[PDB]
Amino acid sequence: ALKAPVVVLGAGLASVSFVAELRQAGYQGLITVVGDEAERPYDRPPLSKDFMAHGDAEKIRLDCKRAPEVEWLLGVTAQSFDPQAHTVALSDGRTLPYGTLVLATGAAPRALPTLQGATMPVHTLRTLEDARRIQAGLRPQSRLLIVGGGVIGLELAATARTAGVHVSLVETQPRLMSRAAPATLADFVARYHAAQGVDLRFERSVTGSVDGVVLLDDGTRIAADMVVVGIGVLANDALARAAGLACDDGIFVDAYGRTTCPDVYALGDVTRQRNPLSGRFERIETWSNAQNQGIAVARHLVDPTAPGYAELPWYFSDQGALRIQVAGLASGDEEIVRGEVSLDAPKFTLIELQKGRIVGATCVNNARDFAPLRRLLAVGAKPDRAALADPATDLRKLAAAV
């Protein structure tokens, strides 16, 4: 399957992780990476975190040194590829040949149709450019409206509050983090943000805006100096769609990263792939997926005897005093709570079970427990539920014993 030369479209974390693994696995042929951003490859999670404090992009760059002998074509957009001719057409007029093409083009923020012709600042937060523009607007005592109660919106909320910015947040759902969070976590997170002064508006949508005021579907108004929209992302799958690959807001791939087009692979945010815990296809939107899927696909390309991608999903979110870690499924048929759920010195763990089997876990300010829980999750452990609830139980011991 691994035919030289290798061409990768996109230069984010999935791409970097993939090319480093190709080299480490022993592939020595040509590798060329096309990245549309004119930026040394960088990690995105800092952008709604410490980057908002220090503004230093040289703290967030990805290490490409495990990827030697790679030509990175930065500031260049892949415009199309021809899977018969095995070529990629570039915005600078050049063409690249490929033996193996890898689509690692990520996802872009959804726009808000109702703010389409707005006459006040409206941003999304995906890129370094976005983060710099938003950060420049976090003036103390200014008003920020965040649209969407996803993790990135909430990370920005905590960041802005730290900066002395007044924060309102509007969410269409009755809860925060509706996408991949246990309700117990979501409820607590709302309490935390409210206590930090975030003005939360649930079950509201943006209907428009007039002369610096944002309008909502309950017939009300929110004044803001800046709006940041964070209502989710859409896969950057246009090249795949045009070339005849199977796509539906994401490129369908199997556990080997194969698309429906021979010699074309995809990885990271752009893919729609099997979640082994739910057994359903999903577009996973996580840092860990980008890295882990990139590595697994590279490893199997170099060594076809290697297993396909098999890691179970997890993410982290850093929201002010809350260091949140979530693995697996948001719910099963049972939740076990370890510790008190309290705003005082927040520290707790949730475990989700399905007929006795661990299917998900959450740690808030409890990193020590998260590793053992992910191990228990990976093997589908069925531990004694009394022991799981018992504060006397050491989860690392439990994980090591299985």
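Numbers for residues come from their place in the sequence shown, where the first is 1.
- Set 231 to 239 against 168 to 176 and average the Cα temperature factors; 168 to 176 ends up higher.
- Between 46 to 54 and 33 to 41, it is 46 to 54 that carries the larger average Cα temperature factor according to the deposited entry.
- The PDB entry assigns the greatest CA B-factor among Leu128, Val253, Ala118, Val264 to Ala118.
- Ranking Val102, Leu185, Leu216, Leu90 by the C-alpha B-factor listed in the PDB entry places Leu216 at the top.
- Split the chain's modelled residues into thirds by C-alpha temperature factor. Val6 is in the lowest one.
- In the deposited entry, the Cα temperature factor of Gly332 places it in the highest third of its chain's modelled residues.
- Per the deposited record, the Cα B-factor of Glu285 falls in the middle third when ranked against the other modelled residues of its chain.
- Ranked by C-alpha B-factor against the other modelled residues of its chain, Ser278 falls in the middle third.
- Looking at the C-alpha B-factors along this chain, the one for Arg161 belongs to the highest third.
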